[PDB]
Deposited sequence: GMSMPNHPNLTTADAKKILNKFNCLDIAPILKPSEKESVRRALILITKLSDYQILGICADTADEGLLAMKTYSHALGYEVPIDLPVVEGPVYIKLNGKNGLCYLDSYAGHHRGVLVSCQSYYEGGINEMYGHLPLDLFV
C-alpha cells in the first residue's frame, strides 16, 4: 500500500523533465498508482499534453482522463506536433499546434484548501495509461 510521501517521491522523479522517459512495465504501474493517489488528494487537475502527432496526443488525453475519472470529448486535429489542454475545474479542452520541444503530460493538481495538493508533476509518459 502506497503512502502519500511515497507517491510524491515517485512523481518528483519527473520534476522539470522536458521529455518523458520510456518506462518499463512495472515502473509504469508504480507511477500510475502514485498519480492516482495524489490526484485524490486534490480537488481537480489540469492536463497539458505535448505529443509528436495529434493521434498520440489524443490517445494520452483519452487514457489519462479516464484513469482520473474525467469525461472527455472529438477535438479537431492539426498536422505536426500538438499541445492539448484539459482543464478539470472549468472543462476547457483544446488542441493546438505545438512549436515547443517538450513531450509527455504535465498534471497540475490543485486544491482550494490548505492541506490539499497544489503541485505540478511531469512530464510523465504519453503512454502511462496504455
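Q | Sequence ranges without modelled C-alpha atoms (deposited numbering) | A | No coordinates exist for the deposited residues in 1 to 8, 82, so these stretches are absent from the model.
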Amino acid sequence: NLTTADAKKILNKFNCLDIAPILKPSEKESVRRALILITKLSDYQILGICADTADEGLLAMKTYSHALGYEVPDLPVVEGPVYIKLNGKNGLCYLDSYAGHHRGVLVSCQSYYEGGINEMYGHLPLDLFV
From here on, numbers count along this sequence of modelled residues.
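Q | Mean C-alpha B-factor comparison - 100 to 108 and 85 to 93, higher one | A | The deposited B-factors put 85 to 93 ahead on the C-alpha mean.
Q) Taking only the CA atoms, which stretch has the higher mean B-factor in the record, 64 to 72 or 45 to 53? A) Taking the mean B-factor of the alpha carbons in each, 64 to 72 is higher.
Q: Taking the chain's C-alpha temperature factors as the reference, tell me which third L37 falls into: lowest, middle or highest.
A: Highest third.
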